[PDB]
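Q: First the structure, which I've put down as structure tokens, then a few questions once you've had a look.
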Amino acid sequence: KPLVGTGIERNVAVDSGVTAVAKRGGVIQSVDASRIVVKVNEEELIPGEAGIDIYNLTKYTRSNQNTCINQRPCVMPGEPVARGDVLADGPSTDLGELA
Amino acid sequence: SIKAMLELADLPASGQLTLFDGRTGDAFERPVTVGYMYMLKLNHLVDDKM
Amino acid sequence: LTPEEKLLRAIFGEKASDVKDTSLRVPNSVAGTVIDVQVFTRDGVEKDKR
Amino acid sequence: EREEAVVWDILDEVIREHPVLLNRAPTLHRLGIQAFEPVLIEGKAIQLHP
Amino acid sequence: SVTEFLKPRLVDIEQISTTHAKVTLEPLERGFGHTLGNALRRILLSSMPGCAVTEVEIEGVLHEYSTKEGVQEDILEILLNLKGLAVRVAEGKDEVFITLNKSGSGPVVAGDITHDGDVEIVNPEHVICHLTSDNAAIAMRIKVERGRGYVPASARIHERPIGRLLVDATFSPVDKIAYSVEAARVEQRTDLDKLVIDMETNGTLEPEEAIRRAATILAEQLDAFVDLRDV
Amino acid sequence: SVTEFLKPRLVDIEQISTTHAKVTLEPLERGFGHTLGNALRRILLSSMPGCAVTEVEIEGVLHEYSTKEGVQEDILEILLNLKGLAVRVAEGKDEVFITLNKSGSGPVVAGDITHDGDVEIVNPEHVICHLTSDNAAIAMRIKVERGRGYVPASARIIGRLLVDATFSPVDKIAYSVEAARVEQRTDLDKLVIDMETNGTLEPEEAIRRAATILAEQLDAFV
Amino acid sequence: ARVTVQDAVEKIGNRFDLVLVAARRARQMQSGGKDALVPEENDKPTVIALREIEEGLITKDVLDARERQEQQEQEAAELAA
Amino acid sequence: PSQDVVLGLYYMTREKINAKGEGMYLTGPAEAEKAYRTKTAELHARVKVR
């Protein structure tokens with residue numbers, strides 16, 4: 001993270017799409033370097049749905065400028081998450097802040 | 001506000017510290033602005049330009 | 001073949017030039033690890049073991 | 001191609017008194033191209049006198 | 001008198017922590033404290049031996065740019081964490097192999113490494129990776145080498161089986177050195193002076209022994225001047 | 001091995017004069033050139049033992065700012081000239097008095113100083129002052145001690161005037177650290193010391209004594 | 001080794017004429033079997049020619065003179081045959 | 001010269017009032033350097049030099 005910033009880094013990191021943002025809130029069921037499985041909360045279930053959310057992370061993918069695109073998890077097993085929370089930090093991102 | 005922050009961290013209010021030359025051990029004649037700056041590595045690498 | 005090349009081939013009977021080596025080689029001053037290989041084969045062409 | 005040490009010694013002997021031309025674009029005046037004596041350095045960037 | 005100096009002696013080690021210590025040299029004449037302090041700081045910060053991780057072999061891993069099921073961290077992050085492993089190797093051995101085997105959810109720390117008694121781990125609480133599943137299992141073979149300075153993986157002279165991951169090694173155990181030269185009360189004179197050297201290390205190398213190796217290096221390089229002649 | 005370090009293999013000593021030398025040592029490990037050069041410079045400039053003029057008595061002169069008739073140079077210039085007087089004192093003596101008496105016209109040199117045989121003047125041709133009038137006479141009582149380094153008159157603050165004491169025989173030391181290479185290791189260090197002494201000792205001997213002092217200072221740890 | 005081609009231009013007068021004379025001398029010492037008139041001191045032919053010009057041993061006059069001398073000698077030798 | 005060289009030559013050739021070593025008499029540039037390295041006199045001390 002930048003020690004001195006402007007507060008806009010979160011907006012850029014979230015809106016760029018490089019990070020994995022939770023679509024629905026809940027509790028993280030499983031975390032692995034390439035996969036996040038989230039147990040959706042009881043209040044946000046579509047009737048007749050599985051009740052889980054799966055986020056497959058991009059690992060070491062070539063970019064247009066021959067750089068590395070890598071998504072690293074920033075959540076642990078059992079951590080509550082709400083909608084819009086950052087689950088995995090993409091390239092040049094630290095805990096949802098542009099880095 | 002910056003000066004108050006520096007005083008909280010027990011640092012000089014001017015942001016300048018007394019530094020010593022590592023090659024001789026002699027203190028520089030004037031205080032030097034020492035701090036932390038956010039530096040970037042641009043996509044202009046000598047490997048791709050040599 | 002030039003006459004000297006013919007004499008060299010006659011002296012040492014090594015002559016294997018049915019096919020020419022045009023292989024994919026790593027660019028110079030580039031050192032790295034192979035992390036992915038993708039093979040695309042046309043429909044109707046035998047797929048190699050890889 | 002194999003970069004042996006004797007090759008490095010040969011290169012050092014070659015460029016001993018061999019001038020080399022340094023040019024920066026744009027060459028507005030004739031001072032933009034000059035002759036220097038090369039000194040081998042470990043790196044990929046040309047070292048220039050201030 | 002004037003032509004005879006007072007030889008400094010080692011008088012105190014203050015071990016504030018396992019990675020921080022203070023060593024006091026006394027007595028030192030005028031000007032000699034600064035000279036000795038700067039020389040010892042430059043020698044200690046650059047030219048002292050140590051033990052570092054050089055090669056890692058993880059089962060089921062072909063390259064660093066990959067992931068292992070059940071492990072939150074990538075292999076590159078695991079290697080970076082292993083770079084900070086403080087290992088003390090008994091004398092006479094320049095090459096040791098230590099294994100790390102673990103199954104079950106939880107952090108994997110340096111205290112979980114099996115060693116043959118000739119290797120001591122100074123920071124057992126150092127975190128290497130996290131296992132996020134009960135079925136997750138990790139099995140690594142780590143190579144510890146004795147060396148001096150910074151030897152990157154590329155600079156190592158070149159068969160190597162696929163799976164052996166090369167790790168940049170920073171063999172120097174000394175991290176920070178700060179020297180302060182203060183007044184010392186000796187007999188009746190007020191000109192003698194005292195050197196205090198604060199050493200922040202990884203805990204692998206003792207303070208007194210480090211000072212002795214630094215002094216040995218300084219004297220051994222000074223021997224050329226002591227015997228100045230055309231060579 | 002981890003305890004094996006590069007030692008100087010090419011040592012070149014080039015003597016411009018009997019008091020001026022250039023010593024080149026190559027190769028040295030990275031960063032050792034600055035360490036050795038700075039340590040030797042500090043010891044040679046502020047810690048070498050030697051003998052020098054410290055205190056001077058001149059008849060009829062009370063303060064350093066006083067004016068004396070018959071001497072073209074002022075008192076401070078006389079003290080400055082007396083600072084650059086290379087003097088050797090026999091071992092076992094830490095304080096010796098010499099005297100200089102001269103009446104006439106012309107330059108008075110260091111060869112006119114009468115000593116007790118335990119004092120050797122390296123440069124008899126050094127000028128102390130100049131006498132202008134034939135009726136002018138100068139009487140001086142010079143004190144020489146044995147000390148270390150360069151102690152000025154201000155640091156030591158009847159009719160006694162103090163002279164800056166240049167005990168160390170070294171007059172100028174400058175060290176340059178350049179790059180040297182063995183095999184493909186291009187990061188090694190080469191140390192060049194340009195040194196000028198006052199004539200008391202040859203530059204090589206002074207470097208040897210400084211190195212000996214530094215080495216003996218570390219005996220308790222090696 | 002040498003730097004700062006001053007003495008050579010003082011002895012010659014014109015930098016271009018000096019360059020031509022030094023080039024001829026260097027070609028003689030490199031392609032031909034001619035030997036240097038000064039200690040080589042591990043120097044390239046251009047540097048040796050420049051040093052010779054600085055010492056005054058080599059000028060255009062000398063080069064042309066000895067070249068005409070070699071033509072005369074070779075003509076006489078071919079007559080001798 | 002420009003930038004750092006000019007700044008250094010300016011700083012070394014400046015004059016300061018009541019500096020350490022003021023009024024001292026020096027035999028020449030060598031003794032001035034010796035005084036500077038021994039911390040006897042500052043770079044900006046007014047002295048008389050032969």
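Chain labels A, B, ... are given in the sequence in which chains occur in the structure tokens; within each chain residues are numbered consecutively from 1, and ligands are likewise numbered from 1 in the order shown.
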List the spatial neighbours of segment 4-10 of chain D as a PyMOL selection string - criterion: any atom at most 12 Å away, only C-alpha atoms, same-chain residues fewer than 5 positions off excluded.
A: (chain D and resi 15-16+40-41) or (chain F and resi 181-186)
Q: Write a file of the selected residues as a tab-separated table (two decimals), in the first residue's frame, keeping C-alpha atoms.
A:
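Result written to result20.tsv:
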chain	number	residue	atom	x	y	z
D	15	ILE	CA	38.76	-2.54	-27.44
D	16	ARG	CA	41.89	-1.30	-25.64
D	40	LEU	CA	33.85	-2.74	-20.20
D	41	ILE	CA	31.26	-2.60	-17.41
F	181	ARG	CA	38.82	-7.23	-11.74
F	182	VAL	CA	40.09	-10.79	-11.40
F	183	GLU	CA	38.69	-13.41	-13.77
F	184	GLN	CA	35.09	-12.31	-14.40
F	185	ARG	CA	34.72	-10.70	-10.95
F	186	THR	CA	34.66	-7.04	-12.00
Q: Pick out the chain B residues within 10 Å of chain A. Count only C-alpha atoms. Give them as a list in words.
A: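 Residues passing the distance filter: residues 36, 37, 38, 39, 40 and 43 of chain B.
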Q: According to DSSP computed on the backbone, where in segment 3-153 of chain E is there strand (DSSP E or B)? Give the residues as number ranges by chain.
A: E: 9-17, 20-28, 49-58, 71, 87-89, 95-103, 106-109, 113-114, 119-121, 127-131, 137-148, 150-151
Q: Run DSSP on the backbone and give me the residues of chain C it puts in helix (DSSP H, G or I), as a ChimeraX atom specification.
A: /C:3-11
Q: Take the residues from that selection and write them out as a compact mmCIF listing (two decimals), in the first residue's frame, keeping N, CA and C atoms.
A:
# COMPACT_ATOMS: atom_id res chain seq x y z
N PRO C 3 32.76 -27.94 -54.18
CA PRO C 3 33.70 -29.08 -54.25
C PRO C 3 34.36 -29.41 -52.92
N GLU C 4 34.70 -28.41 -52.12
CA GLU C 4 35.31 -28.68 -50.82
C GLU C 4 34.34 -29.39 -49.88
N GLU C 5 33.07 -28.99 -49.91
CA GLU C 5 32.06 -29.69 -49.12
C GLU C 5 31.89 -31.13 -49.60
N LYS C 6 31.96 -31.34 -50.92
CA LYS C 6 31.90 -32.70 -51.45
C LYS C 6 33.08 -33.53 -50.95
N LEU C 7 34.28 -32.94 -50.94
CA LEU C 7 35.44 -33.67 -50.44
C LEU C 7 35.31 -33.98 -48.96
N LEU C 8 34.77 -33.04 -48.18
CA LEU C 8 34.55 -33.29 -46.76
C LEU C 8 33.55 -34.42 -46.55
N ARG C 9 32.48 -34.44 -47.35
CA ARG C 9 31.49 -35.50 -47.23
C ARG C 9 32.06 -36.85 -47.65
N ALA C 10 32.95 -36.85 -48.65
CA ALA C 10 33.59 -38.09 -49.06
C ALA C 10 34.55 -38.60 -47.99
N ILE C 11 35.28 -37.69 -47.34
CA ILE C 11 36.23 -38.09 -46.31
C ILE C 11 35.50 -38.66 -45.11
Q: Restricting the calculation to only C-alpha atoms: of D:13, D:30, D:3, D:50, which residue gets closest to chain G?
A: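 Of all the options, D:13 lies closest to chain G.
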Q: Report, in Å with one decimal, the straight-line distance from atom CA of residue 88 of chain A to atom CA of residue 57 of chain A.
A: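 Computing it gives 7.7 Å between the two atoms.
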Q: May I have a table of the residues of chain D lying at most 12 Å from chain B, giving each one's closest pair of atoms and their distance in Å to one decimal, counting only C-alpha atoms, ordered by chain and ascending residue number, as a Markdown table?
A:
| residue | atom | partner | partner_atom | distance |
| --- | --- | --- | --- | --- |
| D:43 | CA | B:46 | CA | 9.2 |
| D:44 | CA | B:50 | CA | 6.3 |
| D:45 | CA | B:46 | CA | 6.8 |
| D:46 | CA | B:50 | CA | 9.4 |
Q: Of the candidates H:13, H:27, H:2, H:38, which one gets nearest to chain E if we count only C-alpha atoms?
A: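 The shortest atom-to-atom distance to chain E comes from H:38.
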Q: Counting only C-alpha atoms, a student should be able to say which residues of chain F come within 9 Å of chain B; what is the right answer, written as a list in words?
A: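 Within 9 Å of chain B on chain F, we get residues 31, 34, 35, 38 and 39 of chain F.
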Q: Using only C-alpha atoms, which protein or nucleic acid residues come within 10 Å of segment 32-35 of chain D? Drop anything in the same chain fewer than 5 positions from it, and give the result as a PDB file with N, CA, C and O atoms, in the first residue's frame.
A:
ATOM      1  N   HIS D  18      40.621   1.127 -29.226  1.00  0.00           N
ATOM      2  CA  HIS D  18      39.689   1.245 -30.338  1.00  0.00           C
ATOM      3  C   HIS D  18      38.618   2.268 -29.983  1.00  0.00           C
ATOM      4  O   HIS D  18      37.790   1.997 -29.102  1.00  0.00           O
ATOM      5  N   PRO D  19      38.583   3.431 -30.628  1.00  0.00           N
ATOM      6  CA  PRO D  19      37.551   4.419 -30.302  1.00  0.00           C
ATOM      7  C   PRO D  19      36.171   3.952 -30.731  1.00  0.00           C
ATOM      8  O   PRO D  19      36.015   3.171 -31.673  1.00  0.00           O
ATOM      9  N   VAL D  20      35.160   4.439 -30.019  1.00  0.00           N
ATOM     10  CA  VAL D  20      33.771   4.124 -30.317  1.00  0.00           C
ATOM     11  C   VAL D  20      32.992   5.431 -30.388  1.00  0.00           C
ATOM     12  O   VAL D  20      33.332   6.415 -29.725  1.00  0.00           O
ATOM     13  N   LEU D  21      31.948   5.442 -31.210  1.00  0.00           N
ATOM     14  CA  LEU D  21      31.190   6.649 -31.500  1.00  0.00           C
ATOM     15  C   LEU D  21      29.875   6.615 -30.737  1.00  0.00           C
ATOM     16  O   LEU D  21      29.143   5.625 -30.806  1.00  0.00           O
ATOM     17  N   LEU D  22      29.575   7.694 -30.021  1.00  0.00           N
ATOM     18  CA  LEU D  22      28.341   7.832 -29.265  1.00  0.00           C
ATOM     19  C   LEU D  22      27.531   8.974 -29.858  1.00  0.00           C
ATOM     20  O   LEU D  22      28.063  10.073 -30.073  1.00  0.00           O
ATOM     21  N   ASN D  23      26.255   8.703 -30.134  1.00  0.00           N
ATOM     22  CA  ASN D  23      25.365   9.637 -30.805  1.00  0.00           C
ATOM     23  C   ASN D  23      24.005   9.648 -30.125  1.00  0.00           C
ATOM     24  O   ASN D  23      23.436   8.590 -29.838  1.00  0.00           O
ATOM     25  N   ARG D  24      23.463  10.845 -29.917  1.00  0.00           N
ATOM     26  CA  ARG D  24      22.151  11.010 -29.307  1.00  0.00           C
ATOM     27  C   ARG D  24      21.251  11.791 -30.250  1.00  0.00           C
ATOM     28  O   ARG D  24      21.648  12.839 -30.768  1.00  0.00           O
ATOM     29  N   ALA D  25      20.045  11.276 -30.469  1.00  0.00           N
ATOM     30  CA  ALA D  25      19.058  11.911 -31.331  1.00  0.00           C
ATOM     31  C   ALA D  25      18.214  12.901 -30.534  1.00  0.00           C
ATOM     32  O   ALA D  25      17.794  12.596 -29.414  1.00  0.00           O
ATOM     33  N   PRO D  26      17.952  14.092 -31.083  1.00  0.00           N
ATOM     34  CA  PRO D  26      18.403  14.604 -32.384  1.00  0.00           C
ATOM     35  C   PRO D  26      19.831  15.137 -32.342  1.00  0.00           C
ATOM     36  O   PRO D  26      20.291  15.621 -31.312  1.00  0.00           O
ATOM     37  N   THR D  27      20.559  15.060 -33.458  1.00  0.00           N
ATOM     38  CA  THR D  27      21.919  15.590 -33.535  1.00  0.00           C
ATOM     39  C   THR D  27      21.843  17.014 -34.076  1.00  0.00           C
ATOM     40  O   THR D  27      22.053  17.283 -35.261  1.00  0.00           O
TER      41      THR D  27
END
